[PDB]
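Okay, so here's the structure we're looking at.
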Amino acid sequence: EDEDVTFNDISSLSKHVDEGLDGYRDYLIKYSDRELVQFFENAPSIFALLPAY
Amino acid sequence: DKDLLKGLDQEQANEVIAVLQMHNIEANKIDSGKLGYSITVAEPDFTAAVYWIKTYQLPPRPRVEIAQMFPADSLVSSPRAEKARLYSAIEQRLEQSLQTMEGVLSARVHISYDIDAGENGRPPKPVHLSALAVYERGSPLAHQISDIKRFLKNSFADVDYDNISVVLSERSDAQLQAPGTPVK
Amino acid sequence: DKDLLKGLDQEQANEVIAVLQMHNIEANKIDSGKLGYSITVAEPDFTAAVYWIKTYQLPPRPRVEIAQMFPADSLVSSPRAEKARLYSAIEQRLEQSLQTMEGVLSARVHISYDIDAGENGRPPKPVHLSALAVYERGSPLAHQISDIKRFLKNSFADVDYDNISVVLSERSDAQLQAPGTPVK
Amino acid sequence: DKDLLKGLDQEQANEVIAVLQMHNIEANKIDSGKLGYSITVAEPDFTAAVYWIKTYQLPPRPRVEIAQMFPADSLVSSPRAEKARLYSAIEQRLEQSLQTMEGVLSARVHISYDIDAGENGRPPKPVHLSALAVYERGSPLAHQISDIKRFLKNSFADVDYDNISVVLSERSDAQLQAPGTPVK
Amino acid sequence: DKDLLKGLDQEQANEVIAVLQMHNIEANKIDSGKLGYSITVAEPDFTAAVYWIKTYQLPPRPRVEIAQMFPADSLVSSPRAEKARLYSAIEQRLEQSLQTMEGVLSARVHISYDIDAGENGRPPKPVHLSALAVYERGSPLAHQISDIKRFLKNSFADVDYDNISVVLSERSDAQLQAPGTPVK
Amino acid sequence: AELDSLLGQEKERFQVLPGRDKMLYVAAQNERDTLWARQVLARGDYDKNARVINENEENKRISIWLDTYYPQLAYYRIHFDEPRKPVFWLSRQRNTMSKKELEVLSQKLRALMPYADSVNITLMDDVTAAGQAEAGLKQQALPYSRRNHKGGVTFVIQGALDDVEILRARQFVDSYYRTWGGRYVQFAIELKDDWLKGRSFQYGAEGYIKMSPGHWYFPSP
Amino acid sequence: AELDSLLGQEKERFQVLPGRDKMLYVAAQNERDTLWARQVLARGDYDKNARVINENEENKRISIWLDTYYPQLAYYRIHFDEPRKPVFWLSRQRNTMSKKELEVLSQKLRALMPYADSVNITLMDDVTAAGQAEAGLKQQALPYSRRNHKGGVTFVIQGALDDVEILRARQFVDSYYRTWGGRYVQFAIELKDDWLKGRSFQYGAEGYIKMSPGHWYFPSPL
Amino acid sequence: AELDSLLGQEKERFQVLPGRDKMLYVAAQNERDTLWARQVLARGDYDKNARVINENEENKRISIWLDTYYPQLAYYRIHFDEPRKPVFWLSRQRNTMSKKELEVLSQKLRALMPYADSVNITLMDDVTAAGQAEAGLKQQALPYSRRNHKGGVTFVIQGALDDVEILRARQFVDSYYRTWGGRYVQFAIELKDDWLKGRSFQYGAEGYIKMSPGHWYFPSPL
């Protein structure tokens, strides 16, 4: 809801949207193991976690 | 002729006599067949020998190993119960190899145990070692830290020289003369 | 000739005798075969001996360890019972290893039990140790508090020198002379 | 010659005699084999011995511990029962280790029990400890309260010094002389 | 003729006699058929013989290997327990090949154990070896550490010269003359 | 027989003094030998009367009389290093007594101690008593705070002390109470937990502690 | 039944001195031989009375007598290398006793020890006491922090020392306490977690500034 | 029933010297033969009095007496290659004892050794004691660091040494302590890993360690 997202750098607005998703990601990093998550990053990211979950 | 302990084991009675002979009192070891040995002491020495039984906590408990809490005959073996029976045998083989060095009479090694690294998503951590040794006297026991540290540093995958703690000391003065019988 | 206790154990009778001989009263260890030992004191020395039985809570109950509440013969074994059965063998092996240092007569070590933190998704908290020791007298026991901290600092995963508390003391004055029989 | 209590055991009878002997009345412990002990007093001291027994609520009931309410012989064991059987063996080992200090005659440790933190995903609260002790007289019992705090601080996960309360006290005056038989 | 040890076997009694004869006391090896061996010493040499038993930790335990914790008759064989027997037969074969060199009397080789490298997503770490040795007196033992460091390198996948640690030493002065009888 | 034969074998740890009121006095030096000698007289294998005295509980008995019949008296300790001529340690800068009433105080103490023959009264300065207590507390490198007032001085030892300093403190207070006693200078050892283990803070005149990136703590001066 | 026959076989680890109060003194050397000699006089296989002395406990007993009749006195140790003629090491720069009131102290110390014949008092310097404690601490390459004050000196060894510096420091302090004693100079070996072994700095605008020695230490992230 | 025949068959490892206090001293060479000969007298197959001496325990026994009656002395070692004429290696550039008052030291050292006939005190140089230690530490190619201070030098050998260098430093130090003692020069072997292992730092008078690409640390000047 905080509309203070607009800034000068293209990645500075990009890190802010990641901060919105770490609230969901902290649920998802809690239950999944440490074996598929880096296995699905060399071949944390969000998309590596759902099939491990 | 006052008995004070009975039913002991062979290695327990050799630890009781060598404690009493250090304090100028002599004891008699009497076998009883199936019911173990028994130690008797003289009547003027009974008051001192009970006080040294209380102080030194004799008779000694059998020495415990980590592989005794997880017997191999169990039907279900966890990864925790396999990792603990592995480290509890590396810990005995390393302290059995430390006794064949030049000057060591006894030693005791402790490997840090890791259990909670396998089941959850936490990565494992660096392993720590610790050692103890008793050297024959007349030896320069300050220069022999680097030989034990060098021997221990390459017996695991990744240890540093400040994660190994070696505490060693020289042995006590030797006891060679007899106690002597208490005359009256 | 008056009976105080009966049905004791071999290791339980030498503690009652070692306590009563400190307060100048004699005792007699009478065996009864299957019924156990028995301790008799004199009739003038019955009022003081009952008072020291009440004060010192004699005979001592057997010493408790955590591995007795979770026996290994169970059909199911939670990881809570496997970590408690593991930590209860580490704190017994460490206190048997503390008795081989130079000058130590007895010791006792406690580990901080953290059992549900590694199960839950929250990270496990730090581990704390604590130790007691009884030193042979004549020793400068202010310098030896750094050797015990160096020995058991590197025996676990990541402990600091602020999470280790060693409280040690020198032993009591020796009791060597006989008590003496009440003359009437 | 009149009896006032029968069927008592050994530890109960040894705490009834030690109560009556400090109030200048003499009791007699009579064995009865299978039926247990029995305690008889003289005839003029019977009105006072009944009064003292009622005030002290003799005979004393056996000590109750938390590990007895949840036996290990159950077929299913909840995690509330495994933590209740764990904390009740920790508070027994800490009080068996407090008696090995210098000057302590008795001790009693209490731990705060937390049972609802493990069933759900709430974080646990801090853990609180409380100790009692009885010291030998002639000891400076004002400076003995910092060693029990330092020993108790890092025997758990994370406590402060405001969650540990040690209340200790010197022992009572010694009773050493015989009561005295009533003339008639 | 006071006995001090009995019920031993063939390889333990030949060690106790070889240690006691080095310190100028003589022993007597008595066979007892199915009950093993026994060792008796003279009565003047009994006090010193108990002291060297307590000092040298006799009788020796049999040497342990890692392959005994995971026996072949265990028909459930984990992949965690198959590499432990593959490691434990390599370190048992490299030290049987080290004894056939020129001048080596005894040796011991330790290998780093990695068992969970197949189940996690991480690559395995390097291999760390370590070896002790004992040479004959009169050998140039400084230039013979490069044959062990060259032989140990390409006996595995990929180790470096800073991951191998060789701590070797010479043997003691030989004991050839007789201890001699205690003349009385 | 004699009293020294009903005691233990070693005739060195007990001193038997003849009294003046037809009684015998045994002078132990700690609690274990006091309980060793009281069991002899308590079980009753001796005809006449005897008593067991000590160092601590004899200094406690003649201070109950001396805080009733002579209040406002400034003293430290009564030393019994030799029991036939004890030394009475009075203060110098806090008493108003002349030559006569010190001898009168000596005559009223000789009647309280029948096993003694004379009582030697010396006067000690209150400056050296608080100087040796500060120099010994500075040599052990302990954190302390001195609080002066009239007729006493107190030292406060606070902070998050480790396990080495609480043994060095106990070995100093126990070696100092044996000499001077707790009548003048008092030690107050209290240990607290530390706030600033992982926090960042500004010290000096305007001090504060940042308990979080968004949390300031202004302690009171 | 002589006393030299009631001891062990080797009659060279004990030494029996005749007393003046008709009592024989046995001068042992350590605590292990002290209980070896107290057991003979405790079982009671000897006719007359005897006492066992020791270097460590006659110096603990004589300071209890000395700090009651001679307070504020500066001394170091009593040496018993020849027990019939001990040496009393007095401090020269910290007391102003005369010759006559040093001979009264030498006669009242003689009457306290009935086995001695004449106690010889030698005045040791006070600068070489703290000079050999610093020069012997620089030779082992140990980190230290000398703190001088009036009537004493203290050396503090903090930091996360490893196992060789702990062993050399403990091996040196035990060899210094035997010769001089801990009345004047005191050592303070203590372990805590900081990789800077005792010293600490603060950084602003000119480089680094050596801070004052204090009790608070900065924990080391490393 | 003589002592030289009551021992083993080879009549060359022990040597029996007559004393002056009616005792017989046996001089062993090392610790194993010392415990070989102390067992004979301890089991008690000999009537008269005897004692077993060594070289290390006799070099420590009269360095304890020489710490009580002759403090602040600078000496190295007492060699007992011929036990009837020992040699007392005194320092030359650190003592101030004259010719006449060096005679009473030899006449008091003769009384502590009843087997010796006369002690020969000779003066060894001081820069030749520290010159051979460095010229022997350079032939083994060991990285060292010399710390000169008043009344003793110190050689510190640190770093991550390999396995050959520990063997060579163990063979040279044990052959130098044998012939020079440990009073003047002391070696400090110290095996440790690289300080600030995987960290990048900016050394010299204004230092900072980089724990991370976005992290600075300002301890003591590295």
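Lettering and numbering for the structure tokens are positional, with chains as A, B, ... in the shown order, residues counted from 1 in each chain, and ligands counted from 1 in the shown order.
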Find the spatial neighbours of segment 169-185 of chain H, counting only C-alpha atoms, within a cut-off of 6 Å - ignore same-chain residues fewer than 2 positions away - and output them as a short mmCIF file (atom, residue, chain, number, x, y, z; two decimals) with N, CA and C atoms, in the first residue's frame.
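Ended up saving to result.cif:
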data_model
loop_
_atom_site.label_atom_id
_atom_site.label_comp_id
_atom_site.auth_asym_id
_atom_site.auth_seq_id
_atom_site.Cartn_x
_atom_site.Cartn_y
_atom_site.Cartn_z
N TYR H 76 74.67 -20.80 33.16
CA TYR H 76 74.08 -21.58 32.08
C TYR H 76 73.77 -23.02 32.47
N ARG H 77 74.77 -23.79 32.91
CA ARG H 77 74.64 -25.23 33.00
C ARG H 77 75.78 -25.78 33.83
N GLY H 152 68.75 -11.71 27.87
CA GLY H 152 68.10 -12.83 27.24
C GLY H 152 67.53 -12.49 25.89
N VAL H 153 67.66 -13.41 24.94
CA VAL H 153 67.10 -13.24 23.62
C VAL H 153 66.03 -14.30 23.43
N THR H 154 65.19 -14.10 22.42
CA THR H 154 64.08 -15.02 22.20
C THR H 154 63.89 -15.21 20.72
N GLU H 165 59.92 -29.35 8.54
CA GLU H 165 60.51 -28.31 9.37
C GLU H 165 60.22 -28.53 10.84
N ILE H 166 59.13 -29.22 11.18
CA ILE H 166 58.89 -29.54 12.58
C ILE H 166 59.88 -30.58 13.05
N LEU H 167 60.27 -31.50 12.17
CA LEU H 167 61.24 -32.53 12.52
C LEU H 167 62.63 -31.94 12.67
#
Could you list, as a ChimeraX atom specification, every residue of chain A that has an atom within 12 Å of an atom of chain B, counting only C-alpha atoms?
/A:29-38,52
Using only C-alpha atoms, which residues sit within 12 Å of residue 33 of chain C once same-chain residues fewer than 5 positions away are excluded, as a PyMOL selection string?
chain C and resi 6-10+38
Residues of chain B that approach chain C to 7 Å or less, counting only C-alpha atoms: could you list each one with the shortest pair of atoms and its distance in Å to one decimal, rows by chain and increasing residue number, as CSV?
residue,atom,partner,partner_atom,distance
B:47,CA,C:178,CA,6.1
B:48,CA,C:176,CA,5.1
B:50,CA,C:18,CA,6.1
B:51,CA,C:18,CA,6.0
B:54,CA,C:15,CA,6.6
B:56,CA,C:105,CA,6.1
B:64,CA,C:93,CA,5.9
B:65,CA,C:93,CA,6.9
B:66,CA,C:89,CA,6.0
B:69,CA,C:85,CA,6.8
B:108,CA,C:97,CA,7.0
B:110,CA,C:155,CA,6.4
B:111,CA,C:155,CA,6.7
B:112,CA,C:156,CA,5.0
B:116,CA,C:118,CA,6.3
B:127,CA,C:157,CA,7.0
B:128,CA,C:154,CA,5.7
B:129,CA,C:155,CA,6.2
B:130,CA,C:155,CA,5.9
B:163,CA,C:154,CA,6.1
B:164,CA,C:154,CA,6.4
B:165,CA,C:154,CA,6.0
B:167,CA,C:151,CA,6.5
B:169,CA,C:102,CA,7.0
Computed after least-squares fitting of chain G to chain H on all C-alpha atoms in order, what is the RMSD in Å?
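5.7 Å is the C-alpha RMSD between the two chains.
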List as CSV every residue of chain G that is in contact with chain B, defined as an atom at most 7 Å from one of its atoms (using only C-alpha atoms), together with the nearest atom pair and the distance in Å rounded to one decimal, sorted by chain and then rising number.
residue,atom,partner,partner_atom,distance
G:8,CA,B:177,CA,7.0
G:9,CA,B:177,CA,6.6
G:35,CA,B:23,CA,6.5
G:36,CA,B:24,CA,5.5
G:39,CA,B:24,CA,6.7
G:43,CA,B:44,CA,5.6
G:45,CA,B:184,CA,5.6
G:162,CA,B:162,CA,6.9
G:163,CA,B:165,CA,6.7
G:164,CA,B:142,CA,6.8
Any chance you could list, as a ChimeraX atom specification, the residues in segment 138-212 of chain G that come up helix (DSSP H, G or I) when DSSP is run on the backbone?
/G:138,163-177
Could you save those same residues with N, CA and C atoms as a CSV table (one decimal), in the first residue's frame?
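Output saved as result06.csv:
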chain,number,residue,atom,x,y,z
G,138,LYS,N,59.0,-11.1,29.5
G,138,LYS,CA,59.3,-10.8,28.1
G,138,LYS,C,60.0,-11.9,27.4
G,163,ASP,N,47.2,-22.7,23.1
G,163,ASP,CA,47.6,-23.7,24.1
G,163,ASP,C,49.1,-23.6,24.4
G,164,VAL,N,49.9,-23.0,23.6
G,164,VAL,CA,51.3,-22.9,24.0
G,164,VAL,C,51.5,-21.7,24.9
G,165,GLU,N,50.9,-20.6,24.7
G,165,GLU,CA,51.1,-19.4,25.5
G,165,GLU,C,50.4,-19.6,26.9
G,166,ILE,N,49.4,-20.5,27.0
G,166,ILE,CA,48.8,-20.8,28.3
G,166,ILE,C,49.8,-21.7,29.0
G,167,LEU,N,50.4,-22.6,28.4
G,167,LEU,CA,51.3,-23.5,29.1
G,167,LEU,C,52.6,-22.8,29.5
G,168,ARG,N,53.1,-21.9,28.7
G,168,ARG,CA,54.3,-21.3,29.1
G,168,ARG,C,54.1,-20.3,30.2
G,169,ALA,N,52.9,-19.7,30.2
G,169,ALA,CA,52.6,-18.7,31.3
G,169,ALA,C,52.3,-19.4,32.6
G,170,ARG,N,51.6,-20.5,32.5
G,170,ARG,CA,51.3,-21.3,33.8
G,170,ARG,C,52.6,-21.9,34.3
G,171,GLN,N,53.5,-22.3,33.4
G,171,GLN,CA,54.8,-22.9,33.8
G,171,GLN,C,55.7,-21.9,34.4
G,172,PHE,N,55.5,-20.6,34.1
G,172,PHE,CA,56.5,-19.6,34.6
G,172,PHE,C,56.0,-19.0,35.9
G,173,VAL,N,54.7,-18.9,36.1
G,173,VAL,CA,54.1,-18.3,37.3
G,173,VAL,C,54.3,-19.3,38.5
G,174,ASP,N,54.2,-20.6,38.2
G,174,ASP,CA,54.5,-21.6,39.2
G,174,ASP,C,56.0,-21.7,39.6
G,175,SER,N,56.9,-21.2,38.7
G,175,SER,CA,58.3,-21.2,39.1
G,175,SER,C,58.7,-19.9,39.7
G,176,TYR,N,57.8,-18.9,39.6
G,176,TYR,CA,58.1,-17.6,40.3
G,176,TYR,C,57.5,-17.5,41.7
G,177,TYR,N,56.3,-18.2,41.9
G,177,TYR,CA,55.7,-18.1,43.2
G,177,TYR,C,56.5,-18.9,44.2
Run DSSP on the backbone of this structure and report the residues of segment 3-115 of chain E it assigns to strand (DSSP E), as a list in words.
residues 3, 4, 5, 6, 7, 8, 27, 28, 29, 30, 31, 37, 38, 39, 40, 41, 104, 105, 106, 107, 108, 109, 110 and 111 of chain E
For those residues, write C-alpha atoms to a file as an mmCIF file, in the first residue's frame.
data_model
loop_
_atom_site.group_PDB
_atom_site.id
_atom_site.type_symbol
_atom_site.label_atom_id
_atom_site.label_comp_id
_atom_site.auth_asym_id
_atom_site.auth_seq_id
_atom_site.Cartn_x
_atom_site.Cartn_y
_atom_site.Cartn_z
ATOM 1 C CA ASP E 3 48.661 -62.902 41.675
ATOM 2 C CA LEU E 4 47.663 -59.549 40.255
ATOM 3 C CA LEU E 5 46.058 -60.370 36.911
ATOM 4 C CA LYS E 6 44.269 -63.457 35.637
ATOM 5 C CA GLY E 7 41.877 -64.460 32.902
ATOM 6 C CA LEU E 8 43.809 -62.612 30.188
ATOM 7 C CA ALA E 27 56.710 -61.891 36.157
ATOM 8 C CA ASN E 28 55.484 -65.459 35.797
ATOM 9 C CA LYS E 29 53.186 -66.533 32.962
ATOM 10 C CA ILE E 30 50.895 -69.365 34.056
ATOM 11 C CA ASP E 31 48.567 -71.053 31.588
ATOM 12 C CA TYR E 37 46.449 -66.910 31.358
ATOM 13 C CA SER E 38 47.576 -65.539 34.682
ATOM 14 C CA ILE E 39 50.510 -63.395 35.746
ATOM 15 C CA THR E 40 52.110 -63.623 39.173
ATOM 16 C CA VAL E 41 54.887 -61.460 40.588
ATOM 17 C CA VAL E 104 59.602 -49.396 9.182
ATOM 18 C CA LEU E 105 58.469 -51.470 12.148
ATOM 19 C CA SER E 106 54.981 -50.085 12.773
ATOM 20 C CA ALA E 107 52.631 -47.586 11.182
ATOM 21 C CA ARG E 108 49.108 -46.172 11.363
ATOM 22 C CA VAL E 109 47.027 -44.350 8.753
ATOM 23 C CA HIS E 110 43.884 -42.259 9.292
ATOM 24 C CA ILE E 111 41.568 -41.105 6.494
#
At most 10 Å is the cut-off: for each residue in chain G with any atom that close to an atom of chain F, write down the nearest atom pair and the distance in Å rounded to one decimal, counting only C-alpha atoms, chain first then increasing number, as a Markdown table.
| residue | atom | partner | partner_atom | distance |
| --- | --- | --- | --- | --- |
| G:38 | CA | F:10 | CA | 9.8 |
| G:41 | CA | F:10 | CA | 7.3 |
| G:42 | CA | F:9 | CA | 6.6 |
| G:43 | CA | F:9 | CA | 8.2 |
| G:44 | CA | F:9 | CA | 6.8 |
| G:49 | CA | F:11 | CA | 7.3 |
| G:50 | CA | F:10 | CA | 8.5 |
| G:51 | CA | F:12 | CA | 8.2 |
| G:64 | CA | F:81 | CA | 8.3 |
| G:65 | CA | F:81 | CA | 7.0 |
| G:67 | CA | F:179 | CA | 7.7 |
| G:68 | CA | F:179 | CA | 7.8 |
| G:69 | CA | F:87 | CA | 9.3 |
| G:71 | CA | F:128 | CA | 9.8 |
| G:72 | CA | F:128 | CA | 8.4 |
| G:147 | CA | F:139 | CA | 8.7 |
| G:148 | CA | F:139 | CA | 8.9 |
| G:149 | CA | F:139 | CA | 7.9 |
| G:150 | CA | F:135 | CA | 7.8 |
| G:151 | CA | F:135 | CA | 7.8 |
| G:152 | CA | F:139 | CA | 6.7 |
| G:153 | CA | F:139 | CA | 6.8 |
| G:154 | CA | F:139 | CA | 6.3 |
| G:155 | CA | F:141 | CA | 9.5 |
| G:156 | CA | F:141 | CA | 8.5 |
| G:184 | CA | F:139 | CA | 9.0 |
| G:185 | CA | F:139 | CA | 8.5 |
| G:186 | CA | F:139 | CA | 7.5 |
| G:187 | CA | F:140 | CA | 8.8 |
| G:188 | CA | F:140 | CA | 7.9 |
| G:189 | CA | F:164 | CA | 9.1 |
| G:190 | CA | F:164 | CA | 7.1 |
| G:191 | CA | F:164 | CA | 9.2 |
| G:192 | CA | F:162 | CA | 9.3 |
| G:214 | CA | F:141 | CA | 9.2 |
| G:215 | CA | F:143 | CA | 7.3 |
| G:216 | CA | F:160 | CA | 9.7 |
| G:218 | CA | F:197 | CA | 8.9 |
| G:219 | CA | F:197 | CA | 8.0 |
Just want the 12 Å neighbourhood of residue 221 of chain F, counted on only C-alpha atoms, with same-chain residues fewer than 6 positions away dropped. Output as a PyMOL selection string.
chain F and resi 204-208
How would the residues just chosen look if you wrote them out with N, CA and C atoms as a PDB file, in the first residue's frame?
ATOM      1  N   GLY F 204      30.338   8.941  27.007  1.00  0.00           N
ATOM      2  CA  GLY F 204      30.910  10.246  27.247  1.00  0.00           C
ATOM      3  C   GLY F 204      29.939  11.137  27.984  1.00  0.00           C
ATOM      4  N   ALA F 205      29.796  12.379  27.532  1.00  0.00           N
ATOM      5  CA  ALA F 205      28.874  13.284  28.203  1.00  0.00           C
ATOM      6  C   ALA F 205      27.433  12.971  27.833  1.00  0.00           C
ATOM      7  N   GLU F 206      27.130  12.960  26.542  1.00  0.00           N
ATOM      8  CA  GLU F 206      25.783  12.687  26.052  1.00  0.00           C
ATOM      9  C   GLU F 206      25.736  11.241  25.573  1.00  0.00           C
ATOM     10  N   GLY F 207      25.437  10.335  26.494  1.00  0.00           N
ATOM     11  CA  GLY F 207      25.508   8.908  26.237  1.00  0.00           C
ATOM     12  C   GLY F 207      24.133   8.325  25.965  1.00  0.00           C
ATOM     13  N   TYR F 208      24.068   7.420  24.995  1.00  0.00           N
ATOM     14  CA  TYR F 208      22.830   6.688  24.767  1.00  0.00           C
ATOM     15  C   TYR F 208      23.178   5.316  24.223  1.00  0.00           C
TER      16      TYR F 208
END
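The part of chain F that reaches within 7 Å of chain D is made up of residues 39, 42, 43, 192 and 193 of chain F, counting only C-alpha atoms.
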Test item: chain G residues at most 8 Å from chain H, counting only C-alpha atoms, as a list in words
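Applying the cut-off to the listed atoms yields residues 9, 10, 79, 81, 135, 139, 140, 141, 164, 179, 196, 200, 201, 202, 203, 207, 208 and 222 of chain G.
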Name all residues at most 9 Å from residue 20 of chain H (count only C-alpha atoms; drop same-chain ones fewer than 2 positions away) and give them as a ChimeraX atom specification.
/H:18,22-24,114-115
